Structure formats: C-alpha cells, structure tokens
Amino acid sequence: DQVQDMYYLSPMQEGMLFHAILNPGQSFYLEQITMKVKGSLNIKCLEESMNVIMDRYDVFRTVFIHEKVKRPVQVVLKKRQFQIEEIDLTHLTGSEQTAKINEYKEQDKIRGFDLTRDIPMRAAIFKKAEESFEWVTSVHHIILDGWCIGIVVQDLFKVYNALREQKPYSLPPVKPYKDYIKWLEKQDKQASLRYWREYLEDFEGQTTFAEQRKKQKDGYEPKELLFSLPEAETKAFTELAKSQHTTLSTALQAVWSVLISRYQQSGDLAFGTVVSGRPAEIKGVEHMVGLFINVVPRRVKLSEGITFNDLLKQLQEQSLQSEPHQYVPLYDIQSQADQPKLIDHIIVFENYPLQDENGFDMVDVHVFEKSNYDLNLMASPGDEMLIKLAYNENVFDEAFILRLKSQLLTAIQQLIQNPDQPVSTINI
C-alpha cells in the first residue's frame, strides 16, 4: 500500500548500484552542493517547498532492491517526508563554525546513502548568525544526474517564492522517469553494442600527455586552473559554431582534438565526452528528472589537410549517430574494444552550471564530485566562456596545465580566424 510502482533499472543505474554496494564509504556517485546564504531564509518554508518537489518527481521517492531478487528493481513509494537537518552554530566562533561544517561534509561523503532505504538526497542548514547560513545538499546520481539539479532547484524556488509572496502557483506537467525505462525496453541492446564496437574498431589506445605524467606521489591531489575566453573571441567562437550548425560543446571538442593530435603525433585519438542521453523520440524528455547523462568515448580521425570546419562536421555527424546508443555504460562500451582504459580524460561542457525574489542571496555556491580522471576540461557558456582544467597534481605539474591554457587560448583564436585552413597550420 506504500508502493506506487516498481520497474527495472537502466543499464547505467544498474552499474551504479553494483559499484555503490561494493564500495561503501568512498563517495561514489555523490554530489555535495554548498550554498552560503545571506538573508532572511525561512527553513520551514524551504522544507515545505522541498516536500512539494518530493511529490512531483518520482525519483526522489525511489529506493532500490538487490537482495533476494532475480534482477535489481527500483521501487517508487507513494509518499516520503523530507526533513532538513537544522544545526545552530551561533554560539561558536567563526573558526569553530568552519570546522564544524567541514566535519559534517567529510562525514557526509563517507556516509553516502543506503540506497535500499534512504531518500537519496539530504540537506543540512547551519545557522551561523541571525541572517547567515550554510546549506549543504547531498544527492546520489542513481536518482538524479548533475545536469538535472537546476530543473529541481527552479521548481523549488518557484514554490518557495509563491509561499513567501502568498499567492497561488502551478507547475507544468512532467513525464515520469518510468517513460525513459520504457523507451530502453524498445532498444536493441546488441545493436547498440555493435555501434560502439564498429566506432572503436582498430583503435590502438592512448596514454594522453604521456611525457608529462608524473609517477611519484600516491593518490589524487585535486587542483584546478580557471580562466575565461575573452568576450570578443567568445562571440566569434559562438558565431562560428552556429554558422556550421553545431554547438559550442562540439567546437570546444574540435579544438581539443587538434591539441591532442599534436601531443600524440597521431591523427586517430580519443577522449571522453559527457552527453545528454535524452532521446528526442521521447515526448517532453527535455523536462524529465532522473539519470540521463553519460561519459562516452569520442574518437576523432584527422586526415591530411583536414580543416576546423571539416572537424566540426565530423563531430556533429557522429553526435547524431550516437544519440540512440548513449545509454550504454562505459564499462560495456570499452569491453567492446577490449580496452579497459580506452579514455583517460574527459571534456565536460555544462550549459547551465549550478555555480553560475527569495529574500536571501546565495554566495559561493560550490559543487563537490569525486574525480575519476587525472585531467578534466570543463567549460560553461557566458559573455566570456568559462574554462576550467581540473587535474590530479600528483600526475600533472601546474606549469603544464598553465601551458595547456596558453595553447588552448591561441588555438581557439587561430581556428576562429582560419576555420577553412588545414588544422596542421595552427601554432601551439
């Protein structure tokens, strides 16, 4: 009587559940969002607003069963009451407060979620002063990928603002995540594996930036280099992508391909790309909340004389052909190449980052996610395109990451100016 529905997991959900169970305490698939709040936040109203969201999106009411079943299932419960943990730190010094919040975050990363019982999202709000809070939200990506949180946040603050202004509100209908599970039933899984097998046919593997990789200190030492593409170049880069009927994300991947081709002295190269995973065939798939995005390999072939606009065309065409097959987990993709480390770095172009009316201001919005690659090129749109190189400094020197920034900037400039010359003529 408490169960609304039950259905199988997507292949990607199944993979996450498998590794989540096998690796407790390691922060797998956990996203931690920290918002510093200055103003008259009403936590009771925020909690009421979040419970409307719980009712709206089935994934928040979902738990998972793996024991004593032939195959894992996800169970949608009819009603789950969400509670924000309120913690009063107003009796502590600023130093004591920061230590308490860091303590919470580190224990929360280790705690993770019991996916057979917990709501796979939690929130704690720390009161530091009268109108001063820190809001830490944790979520598991088996119910909600990182590009979905903006959808939920928009709904959350529409409801909050309506209750604050004491006026009626509505939210538009949304299709249930089960509709995506139903679409997966109609897909030929062996045909999708064959797509990836043929795409990666005869690829010889690649250690990216092999001559720059250190092998000394143990573990991951996370560092980042942030920089912006100047406005004039950003405008021209955007106009170029549009004029070739492609996206900024594809254009950035094309620039990176040129850079990698030089370091690898090769015209056959690969890197990971985060793809949307939302099949256009599915009605209103744009507005669904759940797990969709995936890291898939991009394999780029640079022939003699190939131009930037040629590359844009190559990549844009492959994006379209890959769309029906983006649900295949990378483990299964890379098994079709007999190459467990086919890719070793990724490009992530996030159109609406969380980092980038309510009675309060949000400041220093920060997102934590476990890093799985020693190098990550991350970009987001803006008047100046935002670019971040997030890397493992135990593997790559800061000076090398600074060189990559320099080369990326001059490559973008040169490719904008001569998109119809061979990319081999660019100087890096």
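This chain uses plain numbering: 1 for the first residue, then up along the sequence.
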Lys105/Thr34 under side chain to side chain donor-acceptor pair (under 3.5 Å): CA gap, chis, key distance, verdict: CA-CA 9 Å; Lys105 292 173 162 178; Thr34 296; 2.9 Å; yes
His345 vs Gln206, side-chain contact (heavy atoms from CB on, under 4.5 Å): CA-CA, chis, key distance, verdict: CA-CA 11 Å; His345 67 293; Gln206 159 187 332; 4.0 Å; yes
Heavy-atom side-chain contact between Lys189 and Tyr327 under 4.5 Å: yes
Flag for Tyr104-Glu134: side-chain donor and acceptor within less than 3.5 Å: no
Heavy-atom donor-acceptor pair, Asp364 side chain to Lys36 backbone, under 3.5 Å: no
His325-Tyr195 aromatic ring centre distance below 6.0 Å: yes
Any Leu409 side-chain heavy atom under 4.5 Å of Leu229 side chain: yes
Smallest separation among heavy atoms of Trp135 and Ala123, with atom names: NE1-CB, 3.8 Å
Ring-ring centroid check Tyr180 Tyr7, cutoff 6.0 Å: no
No-hydrogen, no-angle side-chain donor-acceptor test under 3.5 Å, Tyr57 and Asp155: yes
Test item: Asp344 side-chain N/O and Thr208 main-chain N/O as donor-acceptor pair under 3.5 Å: yes
Note: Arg122-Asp108 ion pair, threshold 4.0 Å (strictly below): yes
Test item: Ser335 side-chain N/O and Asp338 main-chain N/O as donor-acceptor pair under 3.5 Å: no
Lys242 atom NZ, neighbour heavy-atom count above 12 within 6.0 Å: no
Check: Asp188 side chain, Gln190 main-chain N or O, donor-acceptor pair, under 3.5 Å: yes
Backbone N/O of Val395 and side chain of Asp374: donor-acceptor pair under 3.5 Å: no
Verdict with reasoning, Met50 to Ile84, per side-chain contact (heavy atoms from CB on, under 4.5 Å): CA-CA 9 Å; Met50 182 60 220; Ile84 300 168; 5.6 Å; no
Distance-minimising heavy-atom pair for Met12 and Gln326: SD-O, 4.1 Å
Under 3.5 Å: donor-acceptor pair, side chain of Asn51, backbone of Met54: no
Polar side chain donor-acceptor pair, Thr93 to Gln97, under 3.5 angstrom: no
Side-chain H-bond candidate by donor/acceptor type, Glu165 with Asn161, under 3.5 Å: yes
Over 12 foreign heavy atoms within 6.0 Å of CZ, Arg111: no
Over 12 foreign heavy atoms within 6.0 Å of CD, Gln83: no
Residues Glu14, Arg71: salt bridge by 4.0 Å N-O rule: yes
Side chain to side chain, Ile346 and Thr273, heavy atoms closer than 4.5 Å: no
Over all atoms of both residues, closest heavy-atom pair of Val73 and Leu9: C-CD1, 3.4 Å
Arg299 vs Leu200 side-chain heavy atoms within contact, under 4.5 Å: yes
Spatial distance of atom CD (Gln336) from atom CH2 (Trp196) [nearest 0.5 Å]: 11.5 Å
Straight-line distance of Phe133 CZ to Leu41 CG, nearest 0.5 Å: 5.5 Å
From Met121 atom CE to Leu30 atom CG, the distance as rounded to the nearest 0.5 Å: 12.0 Å
Basic-acidic side-chain contact under 4.0 Å: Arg278, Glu323: no
Min side-chain heavy-atom separation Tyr177-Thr62 under 4.5 Å: no
Over 12 foreign heavy atoms within 6.0 Å of NZ, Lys215: no
Heavy atoms of other groups near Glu130 CD, more than 12 under 6.0 Å: no
Any donor-acceptor N/O pair, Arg61 side chain to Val75 backbone, under 3.5 Å: no
Donor-acceptor under 3.5 Å (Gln107 side chain, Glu103 main chain): yes
Beyond-backbone contact of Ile110 with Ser27, side-chain heavy atoms, under 4.5 angstrom: no
Donor-acceptor pair, side chain of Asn358 and main chain of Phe360, under 3.5 angstrom: no
Carboxylate-amine/guanidinium contact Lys178 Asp58, below 4.0 Å: no
Neighbour count >12 (heavy atoms, 6.0 Å) for atom NZ, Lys109: yes
Where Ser257 and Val300 come nearest, the two heavy atoms and their spacing: OG-CG2, 3.3 Å
Residues, nucleotides or ligands: over 12 heavy atoms within 6.0 Å of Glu398 CD: no
Atom pair OG1/CD of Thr234 and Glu239 - distance to nearest 0.5 Å: 11.0 Å
Audit row: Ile401, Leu375, side-chain contact (heavy atoms from CB on, under 4.5 Å) steps and yes/no: CA-CA 9 Å; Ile401 303 302; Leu375 188 144; 4.0 Å; yes
Candidate pair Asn394 and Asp218, rule side-chain contact (heavy atoms from CB on, under 4.5 Å), full reasoning: CA-CA 7 Å; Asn394 288 339; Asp218 174 78; over 6 Å; no
Test item: side-chain donor near acceptor, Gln244 and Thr246, under 3.5 Å: no
Check against ring pair (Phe, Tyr, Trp, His ring centres under 6.0 Å), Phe209 and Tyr263: CA-CA 6 Å; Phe209 306 134; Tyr263 277 86; 4.9 Å; yes
Polar side chain donor-acceptor pair, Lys38 to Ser132, under 3.5 angstrom: no
Heavy-atom closest contact (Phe237 atom, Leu252 atom, distance): CZ-N, 3.8 Å
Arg213 side chain reached by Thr207 side chain, heavy atoms, under 4.5 Å: yes
Backbone N/O of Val275 and side chain of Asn294: donor-acceptor pair under 3.5 Å: no
Approximate separation, where rounding is to 0.5 Å, of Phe292 CZ and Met288 CE: 4.0 Å
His141 ring center near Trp147 ring center (under 6.0 Å): no
Residue pair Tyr220 / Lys370, side-chain heavy-atom distance below 4.5 Å: no
Nearest-0.5 Å distance, CZ of residue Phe400 to CG of residue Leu389: 9.5 Å
Residues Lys78 and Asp1 bridged, charged N to O under 4.0 Å: yes
Heavy-atom closest pair, residues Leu225 and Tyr391: N-CE2, 4.3 Å
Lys313 atom NZ: more than 12 heavy-atom contacts under 6.0 Å: no
